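As structure tokens, one chain now follows by itself in the form deposited in one PDB entry.
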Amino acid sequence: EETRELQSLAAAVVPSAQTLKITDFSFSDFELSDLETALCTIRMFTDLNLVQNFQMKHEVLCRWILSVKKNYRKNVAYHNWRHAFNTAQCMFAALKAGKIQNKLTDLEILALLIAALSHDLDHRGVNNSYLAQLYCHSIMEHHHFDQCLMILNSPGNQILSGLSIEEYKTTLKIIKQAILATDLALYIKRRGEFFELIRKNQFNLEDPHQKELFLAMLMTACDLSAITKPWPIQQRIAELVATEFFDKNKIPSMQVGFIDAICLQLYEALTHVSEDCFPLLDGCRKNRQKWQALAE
């Protein structure tokens, strides 16, 4: 059943980015099979020039995508492969349609796409604590990175084998920071600086410190990007979140609070960095109006 999936995936035609709607901010996966999401993932790698620039063999990338998909848990309502897949599509869309791609290096883009796909690996649900104890420091995100690394090191799955050891180490580090950044605690701590810098037109991507901060903010933006979706889609994703959160009348005001506290300023900030990411902010504002109206 596994080689069959690999055989079938490796033998399929990969449709264009246009055919697959993968450049749209309003993209939805509900109508896609797992196979189809795997094909969209290949297309994302190829059209970001990653397959070319890093000499990835087709069967290795296919196997890697399948390993990643398999290491999410289907029984988890929201934090599963479709969430990761959606997070990466949003990354792809921000890079392409959002014109973020030109601001970054090839290695940065490679790391971000891998991070996006890998950032919740082996997640067991927000209400699960499976522990050995010992608090935070982003323990879950460290686990996700560890799972990402293990897959990258797996026989037949080494899509980074084409990089030199120096490139490899640099990219692993970007991937690690990128995944660690999806800890909402780290986002809240590092937020203010990002907003402060933009507030004064002080923001500059050339400074390595600010580049790294931006990559962190970008990860969170894609991670949360379901609340930017067209209303019929957001309503449905919110169903999944609600299901995992309690594995419904207070939900509208929760969503408004979430949007106000965490989402709005982020998407406003992103749109400042790049005008073309505006549809994310527009979508987020549109969902605030819908949720608020429900809250009465």
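Rigid core here is just the name for the largest C-alpha set that superposes within 1.5 Å across the two forms. Residues that one form lacks are left out of the comparison. Numbers for residues come from their place in the sequence shown, where the first is 1.
Separately, the form deposited in another entry exists; it is not shown, and the next lines address it.
Worksheet item: In a superposition on the rigid core, which residue from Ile139, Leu186, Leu104, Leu172 has a CA displacement reaching 2 Å or more between the shown form and the other one?
Response: Spelled out, the residue whose C-alpha shifts by 2 Å or more is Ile139.
Worksheet item: Once you line up the core, how about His209: does its CA shift reach 2 Å between the shown form and the other one?
Response: No, the C-alpha moves less than 2 Å.
Item to complete: Compare the position of the CA of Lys74 between the shown form and the other one after a rigid core fit and state whether the shift reaches 2 Å.
Response: Yes, the C-alpha moves 2 Å or more.
Worksheet entry | Note on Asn75-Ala84 C-alpha separation in the other entry, which departs from the shown form by 3 angstroms or more | Relative to this form, closer in the other entry.
Worksheet item: By 3 Å or more, the Cα spacing of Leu180 and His143 differs in the other entry; is it closer or farther than in this view?
Response: Result: closer.
Worksheet item: Upon rigid-core superposition, which contiguous segments of at least three residues exhibit Cα shifts of 2 angstroms or more between the shown form and the other one?
Response: Residues 73-75, 131-144 form the shifted runs.
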